[PDB]
>>> print(open('start_30.cif').read())   # mmCIF, C-alpha atoms and all ligand atoms
data_protein
loop_
_atom_site.group_PDB
_atom_site.id
_atom_site.type_symbol
_atom_site.label_atom_id
_atom_site.label_comp_id
_atom_site.auth_asym_id
_atom_site.auth_seq_id
_atom_site.Cartn_x
_atom_site.Cartn_y
_atom_site.Cartn_z
ATOM 1 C CA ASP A 1 -19.693 5.035 -10.977
ATOM 2 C CA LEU A 2 -18.063 2.487 -13.320
ATOM 3 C CA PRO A 3 -18.231 -1.263 -12.411
ATOM 4 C CA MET A 4 -15.143 -2.525 -10.470
ATOM 5 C CA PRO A 5 -13.619 -4.686 -13.350
ATOM 6 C CA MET A 6 -14.016 -1.755 -15.807
ATOM 7 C CA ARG A 7 -12.227 0.590 -13.334
ATOM 8 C CA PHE A 8 -9.364 -1.903 -12.643
ATOM 9 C CA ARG A 9 -8.525 -2.492 -16.350
ATOM 10 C CA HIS A 10 -6.857 1.006 -16.421
ATOM 11 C CA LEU A 11 -4.021 1.535 -13.805
ATOM 12 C CA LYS A 12 -0.325 0.905 -14.874
ATOM 13 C CA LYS A 13 -0.201 4.048 -17.109
ATOM 14 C CA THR A 14 -2.328 6.348 -14.830
ATOM 15 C CA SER A 15 -0.458 5.476 -11.569
ATOM 16 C CA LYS A 16 2.909 6.332 -13.288
ATOM 17 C CA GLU A 17 1.705 9.960 -13.773
ATOM 18 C CA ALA A 18 -0.424 10.219 -10.562
ATOM 19 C CA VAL A 19 2.006 9.151 -7.805
ATOM 20 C CA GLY A 20 5.683 9.199 -6.874
ATOM 21 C CA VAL A 21 8.054 7.907 -4.170
ATOM 22 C CA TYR A 22 9.906 10.478 -2.027
ATOM 23 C CA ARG A 23 11.319 10.814 1.536
ATOM 24 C CA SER A 24 8.502 10.813 4.096
ATOM 25 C CA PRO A 25 8.394 12.672 7.458
ATOM 26 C CA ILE A 26 6.238 9.743 8.742
ATOM 27 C CA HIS A 27 8.881 7.036 7.977
ATOM 28 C CA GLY A 28 11.708 6.459 5.430
ATOM 29 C CA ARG A 29 10.145 6.756 1.972
ATOM 30 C CA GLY A 30 6.448 7.185 1.167
ATOM 31 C CA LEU A 31 4.029 7.444 -1.778
ATOM 32 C CA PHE A 32 2.908 10.993 -2.675
ATOM 33 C CA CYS A 33 0.541 12.325 -5.282
ATOM 34 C CA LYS A 34 1.816 14.329 -8.267
ATOM 35 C CA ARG A 35 -1.661 15.615 -9.284
ATOM 36 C CA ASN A 36 -5.016 15.946 -7.523
ATOM 37 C CA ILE A 37 -6.846 12.613 -7.010
ATOM 38 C CA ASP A 38 -10.705 12.627 -6.766
ATOM 39 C CA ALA A 39 -12.488 10.977 -3.811
ATOM 40 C CA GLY A 40 -13.286 7.329 -4.506
ATOM 41 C CA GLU A 41 -10.688 7.114 -7.377
ATOM 42 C CA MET A 42 -8.604 3.888 -7.968
ATOM 43 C CA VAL A 43 -5.046 5.033 -7.341
ATOM 44 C CA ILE A 44 -2.688 2.084 -7.659
ATOM 45 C CA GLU A 45 -2.514 -1.646 -7.213
ATOM 46 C CA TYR A 46 -0.394 -2.991 -4.323
ATOM 47 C CA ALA A 47 1.487 -5.241 -6.822
ATOM 48 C CA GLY A 48 3.073 -8.543 -5.826
ATOM 49 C CA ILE A 49 2.697 -12.312 -5.343
ATOM 50 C CA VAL A 50 -0.243 -13.739 -3.322
ATOM 51 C CA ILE A 51 1.234 -16.280 -0.837
ATOM 52 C CA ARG A 52 -0.103 -18.369 2.096
ATOM 53 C CA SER A 53 0.313 -16.610 5.537
ATOM 54 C CA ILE A 54 2.270 -19.623 6.968
ATOM 55 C CA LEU A 55 5.103 -18.934 4.451
ATOM 56 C CA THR A 56 5.697 -15.257 5.540
ATOM 57 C CA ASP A 57 7.934 -15.995 8.560
ATOM 58 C CA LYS A 58 10.561 -17.920 6.488
ATOM 59 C CA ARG A 59 10.311 -15.446 3.535
ATOM 60 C CA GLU A 60 10.901 -12.416 5.897
ATOM 61 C CA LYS A 61 13.769 -14.364 7.592
ATOM 62 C CA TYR A 62 15.327 -14.966 4.104
ATOM 63 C CA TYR A 63 15.083 -11.239 3.061
ATOM 64 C CA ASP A 64 16.374 -9.943 6.427
ATOM 65 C CA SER A 65 19.476 -12.272 6.248
ATOM 66 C CA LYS A 66 20.262 -10.810 2.758
ATOM 67 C CA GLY A 67 19.767 -7.184 3.955
ATOM 68 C CA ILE A 68 16.820 -6.811 1.507
ATOM 69 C CA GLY A 69 13.805 -4.760 2.673
ATOM 70 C CA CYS A 70 10.739 -7.054 3.164
ATOM 71 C CA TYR A 71 7.526 -5.542 1.684
ATOM 72 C CA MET A 72 4.323 -7.444 2.494
ATOM 73 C CA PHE A 73 0.610 -6.680 2.578
ATOM 74 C CA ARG A 74 -1.582 -8.842 4.785
ATOM 75 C CA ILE A 75 -4.888 -9.701 2.977
ATOM 76 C CA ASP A 76 -6.007 -11.576 6.191
ATOM 77 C CA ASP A 77 -5.064 -14.571 8.474
ATOM 78 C CA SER A 78 -4.442 -16.944 5.470
ATOM 79 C CA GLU A 79 -3.036 -14.826 2.560
ATOM 80 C CA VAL A 80 -0.355 -12.147 2.121
ATOM 81 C CA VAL A 81 0.900 -10.203 -0.949
ATOM 82 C CA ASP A 82 4.710 -10.238 -1.208
ATOM 83 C CA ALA A 83 5.863 -7.019 -2.948
ATOM 84 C CA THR A 84 9.558 -7.537 -2.117
ATOM 85 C CA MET A 85 10.672 -8.780 -5.593
ATOM 86 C CA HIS A 86 7.685 -8.151 -7.837
ATOM 87 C CA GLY A 87 6.218 -4.978 -6.276
ATOM 88 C CA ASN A 88 5.592 -1.418 -7.497
ATOM 89 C CA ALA A 89 5.432 2.069 -5.854
ATOM 90 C CA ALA A 90 2.417 1.118 -3.617
ATOM 91 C CA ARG A 91 4.801 -0.917 -1.401
ATOM 92 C CA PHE A 92 6.041 2.410 0.103
ATOM 93 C CA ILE A 93 2.550 3.480 1.326
ATOM 94 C CA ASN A 94 2.855 4.464 4.998
ATOM 95 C CA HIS A 95 0.257 4.058 7.775
ATOM 96 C CA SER A 96 -1.934 6.939 9.104
ATOM 97 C CA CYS A 97 -4.709 7.229 11.722
ATOM 98 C CA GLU A 98 -6.360 9.910 9.580
ATOM 99 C CA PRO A 99 -5.737 8.126 6.244
ATOM 100 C CA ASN A 100 -6.690 9.529 2.868
ATOM 101 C CA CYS A 101 -6.752 6.071 1.218
ATOM 102 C CA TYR A 102 -8.081 2.565 1.937
ATOM 103 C CA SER A 103 -7.147 -0.920 0.739
ATOM 104 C CA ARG A 104 -9.540 -3.458 -0.774
ATOM 105 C CA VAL A 105 -9.023 -6.976 -2.128
ATOM 106 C CA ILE A 106 -10.799 -7.133 -5.483
ATOM 107 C CA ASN A 107 -11.205 -10.261 -7.643
ATOM 108 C CA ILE A 108 -11.107 -9.397 -11.416
ATOM 109 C CA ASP A 109 -11.343 -12.156 -14.097
ATOM 110 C CA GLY A 110 -10.639 -14.825 -11.421
ATOM 111 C CA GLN A 111 -7.461 -13.098 -10.163
ATOM 112 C CA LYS A 112 -7.073 -11.238 -6.828
ATOM 113 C CA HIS A 113 -5.632 -7.715 -6.716
ATOM 114 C CA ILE A 114 -5.102 -5.404 -3.756
ATOM 115 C CA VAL A 115 -6.133 -1.950 -4.919
ATOM 116 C CA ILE A 116 -5.772 1.418 -3.125
ATOM 117 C CA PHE A 117 -8.681 3.919 -3.257
ATOM 118 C CA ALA A 118 -8.855 7.577 -2.232
ATOM 119 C CA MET A 119 -11.186 8.063 0.838
ATOM 120 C CA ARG A 120 -11.271 11.881 0.124
ATOM 121 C CA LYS A 121 -9.969 14.332 -2.537
ATOM 122 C CA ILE A 122 -6.142 14.196 -2.264
ATOM 123 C CA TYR A 123 -4.164 17.241 -3.384
ATOM 124 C CA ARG A 124 -0.831 17.393 -5.172
ATOM 125 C CA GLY A 125 2.090 16.986 -2.806
ATOM 126 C CA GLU A 126 0.186 15.072 -0.118
ATOM 127 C CA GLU A 127 1.466 11.750 1.120
ATOM 128 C CA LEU A 128 -0.874 8.751 0.431
ATOM 129 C CA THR A 129 -1.650 6.731 3.550
ATOM 130 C CA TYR A 130 -3.997 3.926 4.652
ATOM 131 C CA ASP A 131 -4.855 2.453 8.043
ATOM 132 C CA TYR A 132 -2.648 -0.699 8.436
ATOM 133 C CA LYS A 133 -4.722 -3.788 9.570
ATOM 134 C CA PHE A 134 -2.673 -3.991 12.834
ATOM 135 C CA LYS A 135 3.248 -2.537 18.871
ATOM 136 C CA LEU A 136 5.309 0.028 16.861
ATOM 137 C CA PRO A 137 4.818 3.765 17.739
ATOM 138 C CA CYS A 138 2.829 5.755 15.111
ATOM 139 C CA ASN A 139 4.354 8.867 13.522
ATOM 140 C CA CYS A 140 1.360 9.938 11.326
ATOM 141 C CA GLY A 141 1.005 13.072 13.521
ATOM 142 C CA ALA A 142 -2.837 13.129 13.298
ATOM 143 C CA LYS A 143 -4.859 14.800 16.092
ATOM 144 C CA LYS A 144 -6.861 11.513 16.511
ATOM 145 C CA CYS A 145 -3.654 9.363 16.340
ATOM 146 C CA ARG A 146 -3.961 5.866 17.950
ATOM 147 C CA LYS A 147 -0.182 6.326 18.764
ATOM 148 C CA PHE A 148 0.622 2.667 17.723
ATOM 149 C CA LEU A 149 0.519 0.640 14.483
HETATM 150 N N1 LIG B 201 2.616 5.876 10.631
HETATM 151 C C1 LIG B 201 3.805 5.232 10.820
HETATM 152 N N2 LIG B 201 4.518 5.478 11.955
HETATM 153 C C2 LIG B 201 5.713 4.830 12.114
HETATM 154 N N3 LIG B 201 6.314 3.954 11.274
HETATM 155 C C3 LIG B 201 5.571 3.725 10.137
HETATM 156 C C4 LIG B 201 4.320 4.326 9.844
HETATM 157 N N4 LIG B 201 3.823 3.882 8.603
HETATM 158 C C5 LIG B 201 4.756 3.022 8.158
HETATM 159 N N5 LIG B 201 5.841 2.883 9.067
HETATM 160 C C6 LIG B 201 6.958 1.953 8.980
HETATM 161 O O1 LIG B 201 7.081 1.464 7.674
HETATM 162 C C7 LIG B 201 6.872 0.068 7.665
HETATM 163 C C8 LIG B 201 6.070 -0.266 6.387
HETATM 164 N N6 LIG B 201 6.910 0.078 5.162
HETATM 165 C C9 LIG B 201 6.336 1.220 4.368
HETATM 166 C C10 LIG B 201 7.450 1.904 3.505
HETATM 167 C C11 LIG B 201 8.606 2.424 4.396
HETATM 168 N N7 LIG B 201 8.361 3.823 4.764
HETATM 169 C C12 LIG B 201 9.924 2.414 3.606
HETATM 170 O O2 LIG B 201 10.649 3.353 3.350
HETATM 171 O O3 LIG B 201 10.331 1.219 3.163
HETATM 172 C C13 LIG B 201 7.348 -1.115 4.382
HETATM 173 C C14 LIG B 201 8.358 -1.884 5.270
HETATM 174 C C15 LIG B 201 9.573 -1.074 5.854
HETATM 175 N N8 LIG B 201 10.505 -2.143 5.378
HETATM 176 C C16 LIG B 201 11.730 -1.674 4.686
HETATM 177 C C17 LIG B 201 12.535 -0.851 5.717
HETATM 178 C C18 LIG B 201 13.723 -0.154 5.043
HETATM 179 C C19 LIG B 201 14.240 0.970 5.929
HETATM 180 C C20 LIG B 201 14.474 0.800 7.304
HETATM 181 C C21 LIG B 201 14.809 1.899 8.102
HETATM 182 C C22 LIG B 201 14.927 3.181 7.543
HETATM 183 C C23 LIG B 201 14.721 3.359 6.169
HETATM 184 C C24 LIG B 201 14.383 2.264 5.360
HETATM 185 C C25 LIG B 201 14.844 -1.118 4.642
HETATM 186 C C26 LIG B 201 15.456 -0.936 3.383
HETATM 187 C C27 LIG B 201 16.470 -1.801 2.941
HETATM 188 C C28 LIG B 201 16.888 -2.863 3.754
HETATM 189 C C29 LIG B 201 16.290 -3.062 5.009
HETATM 190 C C30 LIG B 201 15.279 -2.196 5.463
HETATM 191 C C31 LIG B 201 9.401 -2.687 4.510
HETATM 192 C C32 LIG B 201 6.094 -0.285 8.977
HETATM 193 O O4 LIG B 201 6.415 -1.560 9.402
HETATM 194 C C33 LIG B 201 6.734 0.723 9.949
HETATM 195 O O5 LIG B 201 8.016 0.403 10.364
HETATM 196 ZN ZN ZN B 202 -1.169 7.681 13.947
#
>>> encode(input="start_30.cif", output="structure tokens")
Amino acid sequence: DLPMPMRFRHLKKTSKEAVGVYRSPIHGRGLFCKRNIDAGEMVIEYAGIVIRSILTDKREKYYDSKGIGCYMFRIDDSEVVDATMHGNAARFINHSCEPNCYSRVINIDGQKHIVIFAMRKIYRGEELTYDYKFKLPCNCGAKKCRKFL
């Protein structure tokens, strides 16, 4: 309804009251909603630093050697968002084969942002999930589960 830049300009405050991080039955911790989220709604930005894809291997190797969890979102074959040090709650979003959210790379005022949108109405208590771009067995539990990430 509202143009994309107008919708993006409001998020930090609204995501603080709309979502929370708790233990997930899918894997480790996940992002869950604290209030009902309308279909199409901008939920949260996957916050972090945009880096070149070639740099990920050494960055992940650095984090792993320090026993620090590595949180990255692959934009595509050339860019990645590193949420390890400068991330927010969106870094805990788990994968699902019947997701209720989807990721989009939006470019507002010359700057790229990965934003998460609701695919359907999401009800309080539900875990927020998106289909990861990509091996590892899937634990989403959906009827139509692809069984791998
Ligand atoms: N549908 C799914 N089915 C099966 N597995 C799934 C599904 N969706 C997501 N995952 C898993 O989550 C990963 C994505 N993840 C999403 C958030 C994650 N739930 C979390 O809690 O961090 C962010 C990455 C996980 N890492 C941190 C790990 C953390 C840890 C390890 C084991 C147990 C608990 C926690 C760790 C912490 C400190 C130091 C070292 C490691 C970043 C996928 O790569 C996959 O492994
Ligand atoms: Zn699945």
>>> resolve_selection(input="start_30.cif", expression="the PyMOL selection byres (((chain A and resi 147) around 6) and not hetatm)", output="PyMOL selection string")
chain A and resi 137-138+145-146+148
>>> resolve_selection(input="start_30.cif", expression="the PyMOL selection byres (((not hetatm)) within 9 of (chain B and resi 201))", output="PyMOL selection string")
chain A and resi 22-24+26-31+63-64+66-73+84+90-97+129-132+136-141+147-149
>>> resolve_selection(input="start_30.cif", expression="the PyMOL selection byres (((chain A and resi 44) around 7) and not hetatm)", output="NGL selection string")
:A and (11 or 15 or 42-43 or 45-46 or 90 or 115-116)
>>> write_last_selection(input="start_30.cif", atoms="C-alpha atoms", output="JSON list (two decimals), in the coordinates of the input")
[["chain", "number", "residue", "atom", "x", "y", "z"],
["A", 11, "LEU", "CA", -4.02, 1.54, -13.80],
["A", 15, "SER", "CA", -0.46, 5.48, -11.57],
["A", 42, "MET", "CA", -8.60, 3.89, -7.97],
["A", 43, "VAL", "CA", -5.05, 5.03, -7.34],
["A", 45, "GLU", "CA", -2.51, -1.65, -7.21],
["A", 46, "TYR", "CA", -0.39, -2.99, -4.32],
["A", 90, "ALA", "CA", 2.42, 1.12, -3.62],
["A", 115, "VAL", "CA", -6.13, -1.95, -4.92],
["A", 116, "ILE", "CA", -5.77, 1.42, -3.12]]
>>> residues_around(input="start_30.cif", residues="residue 87 in chain A", least_positions_apart="2", cutoff="6 Å", atoms="all atoms listed in the file", output="list in words")
residues 47, 48, 83, 84 and 85 of chain A
>>> closest_residue(input="start_30.cif", among="A:81, A:60, A:99, A:122", to="ligand ZN 202 (chain B)", atoms="only C-alpha atoms and all ligand atoms")
A:99
>>> decode(input="start_30.cif", residues="range 7-47 of chain A", atoms="N, CA and C atoms", output="compact mmCIF listing (two decimals), in the first residue's frame")
# COMPACT_ATOMS: atom_id res chain seq x y z
N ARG A 7 7.66 2.76 3.82
CA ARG A 7 7.49 1.63 4.73
C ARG A 7 8.76 1.32 5.53
N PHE A 8 9.94 1.35 4.86
CA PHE A 8 11.22 1.06 5.53
C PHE A 8 11.56 2.03 6.66
N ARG A 9 11.34 3.33 6.44
CA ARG A 9 11.68 4.40 7.39
C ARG A 9 11.18 4.17 8.83
N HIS A 10 10.21 3.26 9.04
CA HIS A 10 9.73 2.88 10.38
C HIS A 10 9.96 1.38 10.60
N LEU A 11 10.91 1.00 11.52
CA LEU A 11 11.22 -0.41 11.82
C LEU A 11 11.82 -0.69 13.21
N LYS A 12 12.94 0.00 13.59
CA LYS A 12 13.65 -0.20 14.86
C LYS A 12 12.74 -0.28 16.09
N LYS A 13 11.81 0.69 16.22
CA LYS A 13 10.85 0.77 17.33
C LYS A 13 9.77 -0.33 17.26
N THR A 14 9.17 -0.53 16.06
CA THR A 14 8.08 -1.49 15.83
C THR A 14 8.53 -2.96 15.95
N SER A 15 9.77 -3.29 15.50
CA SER A 15 10.27 -4.66 15.60
C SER A 15 10.57 -5.05 17.05
N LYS A 16 10.93 -4.07 17.91
CA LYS A 16 11.22 -4.27 19.33
C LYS A 16 9.97 -4.77 20.09
N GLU A 17 8.78 -4.29 19.69
CA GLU A 17 7.51 -4.69 20.29
C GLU A 17 6.79 -5.81 19.51
N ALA A 18 7.23 -6.12 18.27
CA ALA A 18 6.54 -7.13 17.46
C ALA A 18 7.15 -8.52 17.51
N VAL A 19 8.46 -8.62 17.78
CA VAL A 19 9.13 -9.93 17.77
C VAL A 19 10.07 -10.13 18.94
N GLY A 20 10.34 -11.39 19.25
CA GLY A 20 11.27 -11.75 20.32
C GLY A 20 12.00 -13.04 20.02
N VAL A 21 13.15 -13.23 20.68
CA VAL A 21 14.01 -14.41 20.51
C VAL A 21 13.79 -15.39 21.64
N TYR A 22 13.44 -16.64 21.31
CA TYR A 22 13.22 -17.68 22.33
C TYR A 22 13.77 -19.00 21.80
N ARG A 23 13.76 -20.08 22.62
CA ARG A 23 14.20 -21.40 22.18
C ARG A 23 13.25 -21.88 21.11
N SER A 24 13.78 -22.47 20.04
CA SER A 24 12.97 -22.98 18.95
C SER A 24 13.00 -24.50 18.87
N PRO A 25 11.83 -25.15 18.60
CA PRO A 25 11.84 -26.61 18.40
C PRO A 25 12.44 -26.99 17.04
N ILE A 26 12.60 -26.02 16.12
CA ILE A 26 13.21 -26.26 14.81
C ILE A 26 14.73 -26.41 15.05
N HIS A 27 15.38 -25.37 15.59
CA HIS A 27 16.80 -25.37 15.93
C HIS A 27 17.14 -24.23 16.88
N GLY A 28 17.94 -24.55 17.91
CA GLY A 28 18.51 -23.62 18.89
C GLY A 28 17.57 -22.52 19.33
N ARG A 29 17.84 -21.27 18.88
CA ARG A 29 16.93 -20.16 19.17
C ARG A 29 16.29 -19.71 17.87
N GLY A 30 15.10 -19.12 17.96
CA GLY A 30 14.41 -18.60 16.78
C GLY A 30 13.76 -17.27 17.07
N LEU A 31 13.20 -16.64 16.04
CA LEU A 31 12.46 -15.37 16.17
C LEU A 31 10.98 -15.70 16.19
N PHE A 32 10.23 -15.14 17.14
CA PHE A 32 8.81 -15.42 17.31
C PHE A 32 8.01 -14.13 17.39
N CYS A 33 6.74 -14.14 16.99
CA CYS A 33 6.05 -12.87 17.11
C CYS A 33 5.30 -12.73 18.42
N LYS A 34 5.30 -11.49 18.93
CA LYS A 34 4.72 -11.15 20.24
C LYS A 34 3.30 -10.61 20.09
N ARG A 35 2.92 -10.25 18.86
CA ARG A 35 1.60 -9.73 18.51
C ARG A 35 1.32 -10.15 17.10
N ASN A 36 0.05 -10.14 16.68
CA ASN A 36 -0.31 -10.55 15.33
C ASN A 36 0.29 -9.62 14.29
N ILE A 37 0.84 -10.19 13.20
CA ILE A 37 1.47 -9.45 12.11
C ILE A 37 0.62 -9.65 10.83
N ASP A 38 0.16 -8.55 10.20
CA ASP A 38 -0.66 -8.66 8.98
C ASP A 38 0.13 -9.17 7.78
N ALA A 39 -0.55 -9.84 6.84
CA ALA A 39 0.10 -10.34 5.63
C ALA A 39 0.69 -9.15 4.88
N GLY A 40 1.86 -9.35 4.30
CA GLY A 40 2.55 -8.31 3.56
C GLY A 40 3.39 -7.36 4.39
N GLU A 41 3.11 -7.23 5.71
CA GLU A 41 3.79 -6.31 6.64
C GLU A 41 5.32 -6.47 6.68
N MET A 42 6.06 -5.33 6.81
CA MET A 42 7.52 -5.27 7.00
C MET A 42 7.72 -5.60 8.45
N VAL A 43 8.45 -6.68 8.73
CA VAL A 43 8.64 -7.15 10.09
C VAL A 43 9.88 -6.56 10.74
N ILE A 44 11.04 -6.84 10.13
CA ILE A 44 12.33 -6.52 10.69
C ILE A 44 13.37 -6.53 9.59
N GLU A 45 14.42 -5.76 9.79
CA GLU A 45 15.55 -5.75 8.89
C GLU A 45 16.52 -6.84 9.38
N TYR A 46 17.14 -7.57 8.43
CA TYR A 46 18.21 -8.50 8.78
C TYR A 46 19.44 -7.55 8.87
N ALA A 47 19.71 -6.99 10.05
CA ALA A 47 20.77 -5.99 10.20
C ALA A 47 22.17 -6.59 10.11
